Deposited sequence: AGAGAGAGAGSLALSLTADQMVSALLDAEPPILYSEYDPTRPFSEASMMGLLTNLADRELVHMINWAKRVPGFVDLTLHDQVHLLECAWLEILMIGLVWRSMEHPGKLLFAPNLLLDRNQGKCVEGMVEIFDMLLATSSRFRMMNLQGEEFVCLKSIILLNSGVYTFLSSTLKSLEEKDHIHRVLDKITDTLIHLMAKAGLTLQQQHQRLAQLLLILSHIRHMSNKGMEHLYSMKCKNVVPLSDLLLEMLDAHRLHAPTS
């Protein structure tokens, strides 16, 4: 990606570009009857996540620097990052719902409704903890879209590895700009940058555990998975 537009954006244009790329907030096409079974819970989340994936593909294309890559590399990055991206989206929209996960405006679950599925309460607790940390830090929308982009570009990274590195540097510059603009001292900026990036290691962690569980669910044959979802799972073995 030598010569790329992405690398000569201002911080403010990078943010404008990322804001314009944002997917819509999806409603669940079903309201659950009450209570949940394993199968009804995994049905709602699987259905919601398949629909989110379609919109995440359109978003990825509008991320500066993403479409500079080979289609091969674009596929690898989304295959590696998709559940981290669903997760950062979930913890962001759950920030104003303490103790609750806003899967959709018509699908708000507390940690208890996680108990009907094996291993799910542990994940919910880690998602809740991440949401609470974002609330404590007062994460801003402009910071969130920068982080979501870092996840996409970073999660499968290990000309075209150096290109991804130059785009990641540009997104770092953007976060620091946003922070300076908001009146943080140079010390507060560097500290907040580190705090946000250390949360990406927790999101990577939740994704690796999530994927283990999706693979167990696959073999269990509890719910139909879409061909797309099966592709994403085969990618992780």
Missing stretches, numbered from 1 on the deposited chain sequence and kept in order:
1-7, 166-175, 255-260
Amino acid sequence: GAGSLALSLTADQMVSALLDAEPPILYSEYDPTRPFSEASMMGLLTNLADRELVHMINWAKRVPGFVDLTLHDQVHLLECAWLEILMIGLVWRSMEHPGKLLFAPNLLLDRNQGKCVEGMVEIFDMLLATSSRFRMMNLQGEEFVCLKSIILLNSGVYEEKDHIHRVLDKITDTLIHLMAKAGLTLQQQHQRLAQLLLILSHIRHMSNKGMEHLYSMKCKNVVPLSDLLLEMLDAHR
From here on, numbers count along this sequence of modelled residues.
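Here, rigid core means the biggest group of C-alpha atoms that superpose within 1.5 Å across both forms.
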Which stretch is more displaced from the shown form in 4 other deposited structures of this protein, 23-31 or 165-173, with RMS over structures and residues of Cα positions after a rigid core fit?
23-31
Stretch 117-125 versus stretch 138-146: after rigid core alignment, which one is farther off in C-alpha RMS in 4 other deposited structures of this protein?
117-125
Quick one: across the other PDB entries of this protein we compared, is residue 217 left without coordinates in at least a third of them?
no
Please compare 98-106 with 80-88 and say which has the higher mean C-alpha temperature factor in the record.
98-106
For 19-27 versus 215-223, entry-based mean Cα B-factors point to 215-223
Max C-alpha B-factor within the set 190, 51, 181, 202 falls on 181
Highest Cα B-factor in the PDB entry belongs to which of 148, 72, 133, 161?
161
Modelled-residue ranking by C-alpha temperature factor, third containing residue 65:
middle
Going by what the PDB entry lists, where does residue 33 fall on CA B-factor within its chain: lowest, middle or highest third?
highest
Quick one: classify residue 118 as lowest, middle or highest third of the chain based on its Cα B-factor.
highest
Could you tell me which third, lowest, middle or highest, the C-alpha B-factor of residue 140 occupies within its chain?
lowest
Going by the CA temperature factor in the PDB record, which third of the chain does residue 153 belong to: lowest, middle or highest?
lowest
